[PDB]
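S.K.: piece number one of the complex, untouched:
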Amino acid sequence: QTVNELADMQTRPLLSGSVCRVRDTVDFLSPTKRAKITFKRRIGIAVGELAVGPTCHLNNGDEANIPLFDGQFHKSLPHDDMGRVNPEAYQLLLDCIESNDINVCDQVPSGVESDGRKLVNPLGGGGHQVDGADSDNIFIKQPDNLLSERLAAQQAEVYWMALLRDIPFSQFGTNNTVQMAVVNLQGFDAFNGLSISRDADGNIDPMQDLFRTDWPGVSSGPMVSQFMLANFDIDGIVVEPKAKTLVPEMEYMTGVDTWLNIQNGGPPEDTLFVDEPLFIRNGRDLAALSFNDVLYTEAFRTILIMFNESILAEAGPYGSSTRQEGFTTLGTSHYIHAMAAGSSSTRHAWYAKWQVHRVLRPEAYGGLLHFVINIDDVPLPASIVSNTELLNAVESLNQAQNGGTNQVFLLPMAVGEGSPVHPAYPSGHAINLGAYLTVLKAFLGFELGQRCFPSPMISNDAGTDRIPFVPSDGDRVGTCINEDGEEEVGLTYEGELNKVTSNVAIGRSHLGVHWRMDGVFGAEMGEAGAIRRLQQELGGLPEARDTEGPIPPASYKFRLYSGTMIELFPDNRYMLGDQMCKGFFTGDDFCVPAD
Amino acid sequence: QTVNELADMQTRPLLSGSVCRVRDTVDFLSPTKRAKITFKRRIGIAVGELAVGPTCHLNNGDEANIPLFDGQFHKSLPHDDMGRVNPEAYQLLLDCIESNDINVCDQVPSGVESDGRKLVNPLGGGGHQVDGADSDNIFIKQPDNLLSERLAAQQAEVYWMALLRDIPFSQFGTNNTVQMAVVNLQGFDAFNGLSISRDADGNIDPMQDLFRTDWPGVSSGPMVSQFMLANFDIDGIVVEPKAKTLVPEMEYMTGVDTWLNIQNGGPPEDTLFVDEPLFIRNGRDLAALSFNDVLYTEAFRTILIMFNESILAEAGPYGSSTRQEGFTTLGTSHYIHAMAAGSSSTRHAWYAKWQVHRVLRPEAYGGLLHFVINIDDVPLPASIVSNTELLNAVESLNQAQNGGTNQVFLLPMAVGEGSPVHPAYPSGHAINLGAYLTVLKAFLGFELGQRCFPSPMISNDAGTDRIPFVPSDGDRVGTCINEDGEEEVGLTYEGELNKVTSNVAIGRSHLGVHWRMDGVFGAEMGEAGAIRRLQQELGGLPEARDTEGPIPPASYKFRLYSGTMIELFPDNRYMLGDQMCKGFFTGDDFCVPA
């Protein structure tokens, strides 16, 4: 560093946009070499994504074949006195969805003269997604047809749920009206599929099956996820999950006048909440949970609990590391950010809702059922039209609730506004939770998924206190593994994770705004969006490299809602069941054989 | 249709992986014409990212020039009785970082015979990002050198923080002890830059400036953000932000034997929290927040609060819509998911920590300062080595806190474990919060950012109750627009938003784990991480398309931490101050003209 050399050295502004092809970073990759690999990888993902080919998003035929759009979403639009849509008005809504243009959509007629309720984001599915699977490129199953047998059965489930809102889950085994609901529901031959939970003999046990799914763990122990019942800690604030829930004994839209005013977009009945907050203990509380939440609220609570319990510290490669722990990759930050991103901001649900299916809501179905039994000529199945057991119970509730008008067969709603003003199929809640939780299950892994949820609880009947949960004979509680790998009879994390999506998705059904299918196949769609993200990300992570040493490369091995086992590997290969596959996951019914 | 046609019709299975070039979707784009445009946009984003070029991430010089690595991070590795790293253990740590290989890193030596504290993710900055700005491709400034005049002014700010931990923010204007600090700090000619707050004259006002930043609104009204004091609603559960904070008058690593055990990676003294939970109202509370948080906790609280008040219902295109609201794009779902994704999983902070800078923590410098005044030779500025006003206070604190041992000048830590086992520069908390709130300000917009935060409150000094906040002469509370569109005097959303990132960032300093630089520059790193993601996403959004009709295309118009106005448009175009720029944002000091 000679006298002259020193005297000659110069400097310049070091700026954010300055470029340095040479720098002293402690990194086995050069500056330009790191950028290139990141570049190639991004191209690969875009090509790979395109190679999947367009999804078979096919309308079920109802819109072309049912008279005056009675099978279609048109809430907040102009209707006649029977709630049939002004056809021009619906035509203008189609122009809106078609166009994906915000100014066109603003021309869609409202059903009241002013302050009418807004369409919830009819442009929402049309965006070109930077990463993950594009808005129109995750499959969901076709919804059942308006006139179908299985739709009647689903509407019957929702009426039953409405009738049982206030009955604590604790007393389902011994309650008379829940037994009646069960017998009634088993009488429907078309009520299978849709992750419906039955016992070993094929019946619907009131305590363990009614209103639940058959996803692994959902029908073991209590209806309510341990995660919806535990204390969680946020920023050192210790929070008991007592919520200002919906008030017992109130229903809405129990008369043609209140129902029709809603269908047109007019001001709702005042929704009312309790004064003293309570734990979740009945169908109305699940309805409340799904009404008062906001995207990842429930999933955020659940990951906070999982951290607090220190279970995620044992997951992934660092589960075997004596000297290190992950944070930004295969540690806490990664887990919590990947969880939130996992649902692709609910955009697949929006594409399916508007561009594809445009399905009517259960409160709209109940309108037709009301007017079929009393003005209209829609050939709904005899299984619901002549179901006097259910229909007598339904009209009594409406009478008590509507100020004494008899023979009204509308779906009593748990909130004054009824459903959100967007189509019924699929549920956005179901996409969101389906995804968030898939992500959690993936990072936890199958094995740690079998670990016992420590100190299980259930709410008392008033929801003022929690009681310890202890397995008995009926419960369906299997083996789990404790902090010591020491086997116990108890609830598993995997099982309790499935219940969170199950409680939220089926909560929307208790609320009166969704059929089972919207939540069940909705959760599938979310599970697929999450898996697509996980797959894209995995290969670029440091811990995805195959290296020399005791610690092996990262992979995600876990179990889907359907129960089939999936294992995700870095190089876009995955195991599905006993099958090896390559490329981007589309669903559990599909596999491009690996070779 | 015909008998024959009907009879010949065939079906096949409808699977998730079936392909349909034709389908009856109600969409102006065909199935192939949608996939292509999406493909084209991904390519374009990838090419634009490549085009920015490799960032000038340049090591300080300390690692080449300071002897026995005394300016570098090596917590949890072996040391001698003076905290000097075993040089062979440090080489192995660099092999670990260089290799980005999990199994190499499992061979970095531990400073204790068994059970030692683990390295926090030295691989974490090596990931190849699917989107946004790649892991190594966000700029942060170089950290000040070990021997710089400004590093010592920063250490001195951290020592003062330690000494002022139990003093209620509301009493800062009148407190004698708080005066001492303010005077001592203005004494450093070097204490400028780093978003340091000062009044109309170049003075550090004890009440409105000390331990604050000069970001718009930060120095107005109360220290603590409204968002960290309001109730929030999660899933129907109403939460009062009363936290089991850290216990008063209780410091850690106040002796050489405790501090060294820690630097060697051994079991920490037990950190104690209060039995009855309190609201935030002093430095030790902000330290607690910053220790007890988890990634987007604070930001989640804040967006929940903004939703509750209905302020996001007014923002963006749908703010002008009579017939529609947004949700998945330019509404609630977009806002909350983009908020969380904005920090790129903290990975920019991680690359800078390990691959670039490898900066020691404030507690490690404290140990240098201690062995300098008493066993060592590193030439630290005399403006700290001879700062007897500050040095007396420090040994008093330590002496009142260890067994009564005199003349230790170690930094008194707020938690038993000291800092996390990762380097100091920048702060992960800062990039995280820097990003989240940037997203929040972008979606809110500048105009709505000027709106009055309703019913402002502060804690009482006990931490047990809230009191209405009332503006008075010397609050620097400015103008805000109310719910009727008339101008009031009161706190703005933007100011209160900024306080959130300030509270958490500076929170880590009150904790004793970061200098100002880590937080202030780190916050700017998070801000760019966030803007880069917003830019990439914007062009592809439905409301970003140019349409005919009264409602205009979407854009993000707001103001940076540094106070410079930014406007992001769909075409990867953006306005920075008065300049029209093109391409991807790197910082407010750089613009490729349009």
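M.R.: Structure received. Numbers count the residues shown, from 1 in each chain, chains lettered A, B, ... in the order given.
S.K.: so which residue of the stretch 351-500 of chain A comes closest to chain B?
M.R.: Taking CB to the nearest CB, chain B has its nearest neighbour within the stretch 351-500 of chain A at residue A:355, 4.7 Å off. Yep, even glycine has a C-beta here, placed from its N, CA and C like the rest.
S.K.: gap between the most centrally placed residue in chain A and residue B:344?
M.R.: Using CA atoms, centre = their mean, the residue of chain A that lies closest to the mean C-alpha position is residue A:430, 1.7 Å off. Distance of residue A:430 to residue B:344, given as CB to CB, to the nearest Å: 28 Å.
S.K.: where along the stretch 51-200 of chain A do the strands fall?
M.R.: In the stretch 51-200 of chain A, the segments counted as strands under DSSP state E, counting those that start in this stretch are A:119-120.
S.K.: List the buried residues for stretch A:58-68?
M.R.: Neighbour counts over stretch A:58-68 (16 or more other CB atoms under 10 Å in any protein chain shown) mark A:59, A:60, A:62, A:63, A:66 as buried.
S.K.: List the residues that contact the second one.
M.R.: With contacts taken as CB atoms under 8 Å, 6 or more residues apart in numbering or on different chains, residue A:60 has the following neighbours: A:142, A:143, A:144, A:145, A:357.
S.K.: one more time with 7 Å
M.R.: A:142, A:143, A:145 (CB atoms under 7 Å, 6 or more residues apart in numbering or on different chains).
S.K.: Count the residues that sit near the nearest residue to residue A:52 once chain neighbours are set aside.
M.R.: In space, and not counting its chain neighbours, residue A:52 is closest to residue A:584: 5.5 Å by CB to CB, 6 or more residues apart in numbering or on different chains. By other CB atoms under 10 Å in any protein chain shown, 22 other residues sit near residue A:584.
S.K.: Same question for the one 5 residues further on.
M.R.: Using other CB under 10 Å, residue A:589 is surrounded by 17 other residues.
S.K.: Over to residue A:193?
M.R.: Around residue A:193 there are 13 residues (other CB under 10 Å).
S.K.: same question, residue A:575
M.R.: Neighbours around residue A:575, by other CB under 10 Å: 17.
S.K.: show me the contacts for it.
M.R.: Residues in contact with residue A:575 (CB under 7 Å, 6+ apart) are A:566, A:567.
S.K.: picking up where we left off before, for the residue nearest to residue A:52, which three-state class applies?
M.R.: Counting by DSSP: H, G, I helix; E, B strand; the rest coil, the backbone at residue A:584 sits in coil.
S.K.: my guess is it meets residue A:50, correct?
M.R.: No: using CB atoms under 7 Å, residue A:584 is not in contact with residue A:50, being 10.1 Å away.
S.K.: Can you pull the residues of the stretch 251-400 of chain A lying near chain B?
M.R.: Proximity of the stretch 251-400 of chain A to chain B, by CB under 7 Å from any CB of the partner chain, involves residues A:277, A:288-289, A:292-295, A:297-298, A:300, A:304, A:307, A:317, A:321-329, A:331, A:333-334, A:336-337, A:340-341, A:345-347, A:350, A:355-356.
S.K.: Can you select the buried ones among the residues you listed for me in PyMOL?
M.R.: In PyMOL syntax, the buried subset of those is picked out as below (16+ other CB under 10 Å):
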select buried, chain A and resi 277+288+289+292+293+294+295+297+298+300+304+307+317+321+323+324+325+326+327+328+329+331+333+334+336+337+340+341+345+346+347+350+355+356
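S.K.: could you also fit chain C onto it:
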Amino acid sequence: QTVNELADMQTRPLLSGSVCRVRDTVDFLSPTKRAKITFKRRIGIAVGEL
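M.R.: To build on what is shown above, here is chain C added in:
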């Protein structure tokens, strides 16, 4: 084939223009690899001719 899975299976029209990346053909080449090789060869001819 459980009761639930059977009840959930769906069909769609099988048309001349339907596309299937997986099909049960007794063929050592996959559908896409067959199209790819044919594609690469057509380009080779065009290049070779030019």
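S.K.: ok chain C is in now, so what about the contacts of residue A:575?
M.R.: Taking CB under 7 Å, 6+ apart, one finds A:566, A:567 in contact with residue A:575.
S.K.: coming back round to it: the residue nearest to the centre of chain A against residue A:521, yeah?
M.R.: No: the criterion here is CB under 7 Å, and residue A:430 misses it with residue A:521 at 8.0 Å.
S.K.: re earlier: quick check: closest non-adjacent residue to the residue nearest to the centre of chain A.
M.R.: According to CB to CB, 6+ apart, the nearest residue to residue A:430 is residue A:522 (2.8 Å).
S.K.: Kindly report the same for residue A:437.
M.R.: Leaving aside its sequence neighbours, residue A:437 sits nearest to residue A:501 (CB to CB, 6+ apart; 4.9 Å).
S.K.: For the one you found, grab the count of nearby residues.
M.R.: 32.
S.K.: need the contact list for it.
M.R.: Residue A:501 is in contact with A:433, A:434, A:437, A:523, counting by CB under 7 Å, 6+ apart.
S.K.: which residues does the spatially closest residue to residue A:577 that is not a sequence neighbour contact?
M.R.: Closest residue to residue A:577 apart from its sequence neighbours, by CB to CB, 6+ apart: residue A:564 at 5.2 Å. By CB under 7 Å, 6+ apart, the contact list for residue A:564 reads A:576, A:577, A:588.
S.K.: Rebuild those residues as JSON lines, extending it with neighbour count.
M.R.: Converted to JSON lines, those look like this (neighbours: other CB atoms under 10 Å in any protein chain shown):
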{"residue": "A:576", "neighbour count": "18"}
{"residue": "A:577", "neighbour count": "13"}
{"residue": "A:588", "neighbour count": "21"}
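S.K.: and for stretch A:282-290, what are the contacting residues?
M.R.: A:161, A:164-169, A:228, A:243, A:245-246, A:248, A:280, A:414, A:429, A:503-504, A:506-508, A:510-511, B:235-236.
S.K.: and those residues, which are buried?
M.R.: Neighbour counting by 16+ other CB under 10 Å classes A:161, A:164-165, A:167-169, A:228, A:243, A:245-246, A:280, A:414, A:429, A:503-504, A:506-508, A:510-511, B:235-236 among the contacts of stretch A:282-290 as buried.
S.K.: Spell out which parts of chain A neighbour chain C.
M.R.: A:53, A:56, A:58, A:141, A:142, A:192, A:193, A:195, A:196, A:214, A:592.
S.K.: and of those, the nearest to chain C?
M.R.: The nearest one, if we look at these relative to chain C and count by CB to the nearest CB, is residue A:193, at 3.3 Å.
S.K.: Ignoring the adjacent residues along the chain, who's closest to the closest one?
M.R.: residue C:7 is the one closest to residue A:193 (CB to CB, 6+ apart), at 3.3 Å.
S.K.: sorry, back to before: identify the farthest-apart pair in the contacts of residue A:501.
M.R.: Maximum pairwise distance among these (CB to CB): 8.5 Å, between A:437 and A:523.
S.K.: circling back: list the contacts of the residue nearest to residue A:430.
M.R.: Applying CB under 7 Å, 6+ apart, we find residue A:522 in contact with A:349, A:426, A:427, A:430, A:431, A:434, A:505.
S.K.: Over to residue A:390?
M.R.: Contact analysis of residue A:390 by CB under 7 Å, 6+ apart lists A:156, A:159, A:184.
S.K.: let's see it at 8 Å
M.R.: A:156, A:159, A:160, A:184, A:384.
S.K.: Ok, residue A:334 next?
M.R.: Neighbour list for residue A:334: A:326, A:327, A:328, A:443, B:345 [criterion: CB under 8 Å, 6+ apart].
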